[PDB]
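Worksheet: the structure to be examined is printed underneath.
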There are 2 protein chains.
Amino acid sequence: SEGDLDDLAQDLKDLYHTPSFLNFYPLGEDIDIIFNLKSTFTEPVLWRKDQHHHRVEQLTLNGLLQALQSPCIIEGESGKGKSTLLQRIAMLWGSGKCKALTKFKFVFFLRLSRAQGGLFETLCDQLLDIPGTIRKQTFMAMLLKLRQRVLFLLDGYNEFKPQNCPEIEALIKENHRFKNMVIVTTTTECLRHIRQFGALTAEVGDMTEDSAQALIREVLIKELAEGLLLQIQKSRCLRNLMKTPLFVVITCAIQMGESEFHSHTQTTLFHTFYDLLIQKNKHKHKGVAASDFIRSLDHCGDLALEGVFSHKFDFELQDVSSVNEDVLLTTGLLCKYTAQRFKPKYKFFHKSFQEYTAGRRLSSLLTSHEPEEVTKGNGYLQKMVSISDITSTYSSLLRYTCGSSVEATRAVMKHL
Amino acid sequence: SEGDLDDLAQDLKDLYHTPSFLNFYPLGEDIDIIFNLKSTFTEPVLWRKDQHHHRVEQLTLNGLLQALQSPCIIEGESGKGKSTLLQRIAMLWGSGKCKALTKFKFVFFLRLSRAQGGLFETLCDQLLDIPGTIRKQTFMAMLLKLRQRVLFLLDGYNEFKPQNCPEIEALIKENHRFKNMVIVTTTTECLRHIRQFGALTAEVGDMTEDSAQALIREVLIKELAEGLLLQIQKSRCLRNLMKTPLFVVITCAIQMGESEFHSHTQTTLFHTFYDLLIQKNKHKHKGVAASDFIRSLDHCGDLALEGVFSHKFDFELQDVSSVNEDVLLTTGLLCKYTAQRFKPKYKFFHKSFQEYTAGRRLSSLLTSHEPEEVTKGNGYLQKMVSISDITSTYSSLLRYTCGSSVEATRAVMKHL
């Protein structure tokens with residue numbers, strides 16, 4: 001009952017080097033795009049927020065491990081791409097290169113979105129099939145007796161329900177019963193359910209320029225990579241967008257498969273991104289009437305547009321006045337913040353996204369077959385009678401409105 | 001067995017150091033504000049009432065412990081925030097720094113608001129699972145055999161029903177059968193059900209200026225804290241208010257989350273406070289018709305207003321003439337006192353609160369769509385015909401009336 005413990009550790013070390021573990025779909029399974037952890041995002045930015053929930057002390061992987069303590073909670077920036085951090089840790093353990101992991105005997109990488117029946121059943125079924133030599137529930141004695149030399153990496157907390165496996169939900173909240181180390185990843189929306197149980201919290205930030213450039217070089221045709229590299233060197237606004245894991249995977253994705261470099265103006269990127277968000281969560285909108293979803297989007301759109309004219313990006317509940325917007329919070333168009341505030345706040349993923357959103361809505365209104373909708377659109381354009389506004393504050397809005405539609409462009413140019 | 005007992009004591013000591021014990025919600029769970037006992041209220045004041053129920057002999061934490069005898073009853077102020085005292089004791093025991101607690105082998109921190117099935121089961125389930133090696137009912141034989149070397153810290157007595165766990169109700173009432181030390185925290189309203197069983201009593205008082213200042217500094221943005229500190233130093237009335245934990249936490253809670261310092265006029269502070277009392281207990285007012293609940297609140301409002309004119313702050317039952325006001329006693333607007341007096345008495349949480357309450361009612365009446373209600377409101381204004389009242393006794397009433405409504409302000413200014 002000892003030799004097989006070493007076999008299990010070795011078997012898991014080798015398992016984490018398997019292609020079925022190292023490969024993932026950055027844009028989701030709907031697009032057959034596969035990234036290999038060995039060459040993709042390798043150097044994440046990890047912020048350790050203070051007691052006031054502010055970003056302080058920027059940390060790195062293999063710098064955070066040395067600060068590892070009882071339960072740690074890592075929050076996704078804002079409902080973005082896959083939090084490819086926990087699997088990096090499993091790889092590093094499997095490699096044995098990082099000294100901070102050499103003090104551990106086991107690493108168990110689990111998806112909370114796919115769990116049920118209890119801890120034992122989940123480990124046996126989801127991970128490596130444990131030999132019957134010691135598979136008699138006595139493994140708990142070893143787990144509890146050995147010490148904090150075991151890492152449980154739990155992903156997708158926000159997609160997990162306690163009724164399916166209350167043992168592991170209890171594990172993360174009541175760790176004093178196990179005396180092991182547990183790290184969980186979540187999203188902003190479900191953070192309020194936890195945190196109160198955490199010893200340490202952290203947030204995943206943007207990637208460095210060197211990392212983003214490596215990604216483009218590593219997963220693309222050399223000739224097309226040079227095109228994108230030249231474009232990003234020449235442009236100035238794109239350089240601010242290429243910090244987001246969601247965009248650095250789209251500009252390439254819409255280029256891959258082609259034999260020639262295309263500029264793919266930002267309007268295209270924003271449109272593509274928008275469509276991906278609404279379609280990505282479409283699979284969960286089957287309970288939403290088409291008229292509810294469309295009207296909700298229109299509501300969000302009008303909010304963004306008024307926000308542009310009102311020069312505001314921060315909204316409160318009274319600025320929404322719609323319970324049905326939980327659909328778009330789910331979609332990821334608007335993020336609800338439940339941080340250390342008296343009241344919750346609503347913000348768009350990015351200010352430029354809000355501007356795009358406003359543009360798309362205005363453009364649609366201006367091209368509507370209904371005179372009233374066009375009139376309302378004109379009502380907004382009619383405010384644009386100052387050179388100091390046209391070339392400044394509303395420059396982005398006009399560009400998005402124009403790029404989004406030829407007829408919208410015509411209305412804008414006539415006005416200008 | 002002995003090793004298990006030593007480990008059990010250590011396990012509990014460590015349990016009391018977890019974030020799950022150190023983190024709490026000073027304004028309740030629906031609002032995500034989390035305080036850490038390590039930096040928040042650390043130095044409470046404990047008054048030991050005499051046989052005449054007089055406030056005498058100011059005591060302190062770690063000064064009272066040395067005078068701990070058979071069961072102690074600690075009374076809250078008047079239905080305020082969390083009585084974060086018992087958990088501090090558990091922490092101190094867990095730290096092992098206070099000599100008074102070094103004599104104790106076990107500390108058992110329990111919430112009576114969540115208890116049932118018996119003491120044995122409650123301890124195991126609510127605190128820490130006791131190993132099956134000693135968790136054989138004989139635990140109690142050990143516990144009893146030992147001596148008065150353990151502490152049972154029981155919170156939320158007013159939320160405890162004896163039908164759920166009569167063993168604990170017995171634990172607190174019949175102590176010679178248990179031969180251990182028990183400390184219970186209760187409220188004024190349910191004091192009458194006990195007291196007769198107590199050996200020693202204490203009341204939680206207000207915090208010092210140094211503490212309140214510390215609390216502001218510890219849980220708020222530096223820049224915003226500086227703003228509040230300057231405001232507090234400049235004002236005269238706020239300083240008197242900032243003795244009560246309820247207002248101290250709200251004041252910083254509403255400023256917290258903002259990017260800039262705001263004056264937050266005390267009329268806003270009182271409004272927020274008022275609404276919290278009304279809405280927080282709404283969950284337990286579902287058996288009260290909306291007409292009955294509002295009518296009762298209006299009744300309280302009129303009582304406050306008449307009391308202001310009559311200079312009456314001490315109310316009797318005949319001044320209420322409504323059995324249904326138990327809903328407001330529950331709400332916490334009015335506190336019923338059952339001190340050693342010929343008759344029970346009713347009082348507002350604070351004189352300034354009573355004045356504020358009067359303000360709300362008068363302001364509302366003066367803006368009513370019903371001429372009779374406006375007339376009644378005016379009838380009160382018609383008494384303000386002497387400068388000696390205008391700039392004195394009713395100054396706060398006029399200020400509250402104004403702050404509460406623009407239309408009310410207009411009526412007031414026309415009068416003045």
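Chain labels run A, B, ... following the order of the structure tokens; each chain numbers its residues from 1, and ligands are numbered from 1 in the order shown.
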List as a tab-separated table every residue of chain B that is in contact with chain A, defined as an atom at most 12 Å from one of its atoms (using only C-alpha atoms), together with the nearest atom pair and the distance in Å rounded to one decimal, sorted by chain and then rising number.
```
residue	atom	partner	partner_atom	distance
B:8	CA	A:177	CA	11.5
B:10	CA	A:176	CA	11.5
B:11	CA	A:176	CA	8.0
B:12	CA	A:176	CA	9.3
B:13	CA	A:176	CA	11.0
B:14	CA	A:176	CA	8.1
B:15	CA	A:176	CA	6.5
B:16	CA	A:176	CA	10.0
B:17	CA	A:176	CA	10.1
B:18	CA	A:199	CA	7.5
B:19	CA	A:197	CA	5.4
B:20	CA	A:197	CA	4.7
B:21	CA	A:197	CA	8.4
B:22	CA	A:196	CA	8.8
B:23	CA	A:196	CA	6.0
B:24	CA	A:196	CA	7.6
B:25	CA	A:196	CA	9.2
B:27	CA	A:342	CA	10.0
B:28	CA	A:342	CA	11.8
B:29	CA	A:192	CA	9.5
B:30	CA	A:192	CA	9.5
B:31	CA	A:342	CA	6.9
B:32	CA	A:340	CA	6.4
B:33	CA	A:340	CA	5.7
B:34	CA	A:196	CA	7.3
B:35	CA	A:51	CA	8.9
B:36	CA	A:51	CA	8.7
B:38	CA	A:51	CA	11.5
B:39	CA	A:51	CA	10.2
B:40	CA	A:51	CA	11.8
B:124	CA	A:177	CA	11.8
B:125	CA	A:177	CA	11.7
B:126	CA	A:174	CA	11.0
B:127	CA	A:176	CA	10.4
B:128	CA	A:177	CA	7.5
B:129	CA	A:177	CA	7.5
B:130	CA	A:177	CA	10.1
B:131	CA	A:177	CA	10.7
B:217	CA	A:52	CA	11.1
B:218	CA	A:51	CA	9.0
B:219	CA	A:52	CA	6.7
B:220	CA	A:52	CA	6.8
B:221	CA	A:52	CA	7.3
B:222	CA	A:52	CA	10.2
B:249	CA	A:342	CA	11.0
B:250	CA	A:342	CA	9.0
B:251	CA	A:342	CA	10.4
B:252	CA	A:342	CA	9.4
B:253	CA	A:342	CA	5.9
B:254	CA	A:342	CA	5.4
B:255	CA	A:342	CA	8.0
B:256	CA	A:341	CA	5.9
B:257	CA	A:341	CA	4.4
B:258	CA	A:341	CA	7.8
B:259	CA	A:341	CA	10.9
B:272	CA	A:342	CA	10.7
```
Notebook entry, point to check: So which residues touch region 138-141 of chain B within 10 Å, counting only C-alpha atoms, skipping near sequence neighbours fewer than 6 positions away, as a list in words?
Noted result: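 What passes the distance filter is residues 5, 119, 120, 130 and 178 of chain B.
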Would you output that residue set with C-alpha atoms, as a compact mmCIF listing (two decimals), in the first residue's frame?
```
# COMPACT_ATOMS: atom_id res chain seq x y z
CA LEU B 5 -8.41 15.54 23.27
CA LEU B 119 -25.61 19.69 22.42
CA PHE B 120 -23.49 16.72 21.43
CA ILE B 130 -15.01 15.25 16.71
CA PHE B 178 -22.79 20.85 33.91
```
Item checked: Residues within 12 Å of region 359-367 of chain A, only C-alpha atoms, excluding chain neighbours under 5 positions, as an NGL selection string -> :A and (267-268 or 270-271 or 274-275 or 294-295 or 297-309 or 352-354 or 372-381 or 394-412)
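Pairwise distance (CA of residue 167 (chain A), CA of residue 89 (chain A)) equals 24.0 Å.
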Notebook entry, point to check: Got a sec: who's within 9 Å of residue 84 (chain A), counting only C-alpha atoms, leaving out chain neighbours fewer than 4 positions off, as a ChimeraX atom specification?
Noted result: /A:37,41-42,44,88
Next item on the list: Among the residues of region 199-338 of chain B, find those DSSP assigns to helix (DSSP H, G or I) from the backbone and print them as a PyMOL selection string.
Entry: chain B and resi 209-218+222-234+237-241+245-255+266-284+290-310+317-319+323-331
Resulting file, chosen residues, C-alpha atoms, as a PDB file, in the first residue's frame:
```pdb
ATOM      1  CA  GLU B 209     -12.868  58.193  19.470  1.00  0.00           C
ATOM      2  CA  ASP B 210      -9.550  56.430  18.985  1.00  0.00           C
ATOM      3  CA  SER B 211     -11.330  53.235  18.036  1.00  0.00           C
ATOM      4  CA  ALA B 212     -13.802  54.848  15.671  1.00  0.00           C
ATOM      5  CA  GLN B 213     -10.938  56.687  14.007  1.00  0.00           C
ATOM      6  CA  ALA B 214      -9.027  53.452  13.689  1.00  0.00           C
ATOM      7  CA  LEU B 215     -12.031  51.715  12.189  1.00  0.00           C
ATOM      8  CA  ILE B 216     -12.361  54.397   9.530  1.00  0.00           C
ATOM      9  CA  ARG B 217      -8.675  54.236   8.696  1.00  0.00           C
ATOM     10  CA  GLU B 218      -8.563  50.439   8.581  1.00  0.00           C
ATOM     11  CA  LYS B 222      -6.830  56.552   2.531  1.00  0.00           C
ATOM     12  CA  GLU B 223      -7.941  59.603   0.562  1.00  0.00           C
ATOM     13  CA  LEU B 224     -11.594  59.151   1.428  1.00  0.00           C
ATOM     14  CA  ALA B 225     -10.783  58.467   5.068  1.00  0.00           C
ATOM     15  CA  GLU B 226      -8.887  61.734   5.254  1.00  0.00           C
ATOM     16  CA  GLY B 227     -11.955  63.499   3.912  1.00  0.00           C
ATOM     17  CA  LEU B 228     -14.217  61.956   6.552  1.00  0.00           C
ATOM     18  CA  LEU B 229     -11.735  62.602   9.335  1.00  0.00           C
ATOM     19  CA  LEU B 230     -11.551  66.281   8.478  1.00  0.00           C
ATOM     20  CA  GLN B 231     -15.333  66.465   8.282  1.00  0.00           C
ATOM     21  CA  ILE B 232     -15.672  64.781  11.659  1.00  0.00           C
ATOM     22  CA  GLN B 233     -13.151  67.127  13.250  1.00  0.00           C
ATOM     23  CA  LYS B 234     -14.892  70.198  11.814  1.00  0.00           C
ATOM     24  CA  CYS B 237     -22.930  66.971  15.937  1.00  0.00           C
ATOM     25  CA  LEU B 238     -21.392  64.151  13.942  1.00  0.00           C
ATOM     26  CA  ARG B 239     -18.795  63.623  16.638  1.00  0.00           C
ATOM     27  CA  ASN B 240     -21.579  62.825  19.097  1.00  0.00           C
ATOM     28  CA  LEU B 241     -23.178  60.452  16.607  1.00  0.00           C
ATOM     29  CA  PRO B 245     -21.295  51.335  15.642  1.00  0.00           C
ATOM     30  CA  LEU B 246     -24.356  51.444  13.416  1.00  0.00           C
ATOM     31  CA  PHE B 247     -23.644  54.940  12.221  1.00  0.00           C
ATOM     32  CA  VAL B 248     -19.915  54.466  12.140  1.00  0.00           C
ATOM     33  CA  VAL B 249     -20.186  51.548   9.730  1.00  0.00           C
ATOM     34  CA  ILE B 250     -22.873  53.131   7.567  1.00  0.00           C
ATOM     35  CA  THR B 251     -20.997  56.389   7.199  1.00  0.00           C
ATOM     36  CA  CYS B 252     -17.913  54.644   5.890  1.00  0.00           C
ATOM     37  CA  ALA B 253     -19.970  52.034   4.022  1.00  0.00           C
ATOM     38  CA  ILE B 254     -21.673  54.660   1.871  1.00  0.00           C
ATOM     39  CA  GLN B 255     -18.453  56.574   1.214  1.00  0.00           C
ATOM     40  CA  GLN B 266     -26.270  63.497   7.930  1.00  0.00           C
ATOM     41  CA  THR B 267     -29.827  63.648   6.622  1.00  0.00           C
ATOM     42  CA  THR B 268     -28.695  61.102   4.034  1.00  0.00           C
ATOM     43  CA  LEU B 269     -27.022  59.076   6.751  1.00  0.00           C
ATOM     44  CA  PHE B 270     -30.201  58.974   8.806  1.00  0.00           C
ATOM     45  CA  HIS B 271     -32.266  58.196   5.716  1.00  0.00           C
ATOM     46  CA  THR B 272     -30.035  55.245   4.935  1.00  0.00           C
ATOM     47  CA  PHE B 273     -30.161  54.098   8.543  1.00  0.00           C
ATOM     48  CA  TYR B 274     -33.936  54.360   8.638  1.00  0.00           C
ATOM     49  CA  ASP B 275     -34.419  52.431   5.411  1.00  0.00           C
ATOM     50  CA  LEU B 276     -32.113  49.680   6.592  1.00  0.00           C
ATOM     51  CA  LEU B 277     -34.201  49.095   9.707  1.00  0.00           C
ATOM     52  CA  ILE B 278     -37.423  49.063   7.705  1.00  0.00           C
ATOM     53  CA  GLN B 279     -36.219  46.796   4.913  1.00  0.00           C
ATOM     54  CA  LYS B 280     -33.932  44.481   6.879  1.00  0.00           C
ATOM     55  CA  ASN B 281     -36.797  43.135   8.941  1.00  0.00           C
ATOM     56  CA  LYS B 282     -39.146  43.047   5.961  1.00  0.00           C
ATOM     57  CA  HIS B 283     -38.385  39.339   5.571  1.00  0.00           C
ATOM     58  CA  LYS B 284     -40.174  38.704   8.872  1.00  0.00           C
ATOM     59  CA  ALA B 290     -49.054  46.219   3.664  1.00  0.00           C
ATOM     60  CA  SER B 291     -51.815  48.479   4.940  1.00  0.00           C
ATOM     61  CA  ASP B 292     -51.138  47.429   8.529  1.00  0.00           C
ATOM     62  CA  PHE B 293     -47.379  47.718   8.278  1.00  0.00           C
ATOM     63  CA  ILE B 294     -47.453  51.173   6.756  1.00  0.00           C
ATOM     64  CA  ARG B 295     -50.205  52.383   9.067  1.00  0.00           C
ATOM     65  CA  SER B 296     -48.127  51.272  12.040  1.00  0.00           C
ATOM     66  CA  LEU B 297     -45.090  53.127  10.716  1.00  0.00           C
ATOM     67  CA  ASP B 298     -47.217  56.219  10.245  1.00  0.00           C
ATOM     68  CA  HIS B 299     -48.427  55.791  13.818  1.00  0.00           C
ATOM     69  CA  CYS B 300     -44.843  55.692  15.084  1.00  0.00           C
ATOM     70  CA  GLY B 301     -44.119  58.743  12.945  1.00  0.00           C
ATOM     71  CA  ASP B 302     -46.975  60.698  14.491  1.00  0.00           C
ATOM     72  CA  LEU B 303     -45.885  59.592  17.949  1.00  0.00           C
ATOM     73  CA  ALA B 304     -42.403  60.939  17.349  1.00  0.00           C
ATOM     74  CA  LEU B 305     -43.747  64.221  16.009  1.00  0.00           C
ATOM     75  CA  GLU B 306     -46.127  64.779  18.878  1.00  0.00           C
ATOM     76  CA  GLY B 307     -43.384  63.826  21.307  1.00  0.00           C
ATOM     77  CA  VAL B 308     -41.153  66.516  19.850  1.00  0.00           C
ATOM     78  CA  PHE B 309     -43.777  69.190  20.445  1.00  0.00           C
ATOM     79  CA  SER B 310     -44.643  67.757  23.853  1.00  0.00           C
ATOM     80  CA  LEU B 317     -48.242  51.865  26.551  1.00  0.00           C
ATOM     81  CA  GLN B 318     -51.190  54.261  26.701  1.00  0.00           C
ATOM     82  CA  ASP B 319     -49.239  56.572  24.389  1.00  0.00           C
ATOM     83  CA  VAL B 323     -50.891  45.929  20.036  1.00  0.00           C
ATOM     84  CA  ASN B 324     -49.810  45.681  16.427  1.00  0.00           C
ATOM     85  CA  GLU B 325     -46.773  47.830  17.130  1.00  0.00           C
ATOM     86  CA  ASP B 326     -44.972  44.645  18.059  1.00  0.00           C
ATOM     87  CA  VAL B 327     -43.962  44.739  14.402  1.00  0.00           C
ATOM     88  CA  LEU B 328     -42.035  47.950  15.013  1.00  0.00           C
ATOM     89  CA  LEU B 329     -40.543  46.616  18.219  1.00  0.00           C
ATOM     90  CA  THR B 330     -39.378  43.809  15.956  1.00  0.00           C
ATOM     91  CA  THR B 331     -38.202  46.340  13.364  1.00  0.00           C
TER      92      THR B 331
END
```
Note to self: According to DSSP computed on the backbone, where in region 168-295 of chain B is there strand (DSSP E or B)? Give the residues as a ChimeraX atom specification.
What the structure shows: /B:181-186,200-204
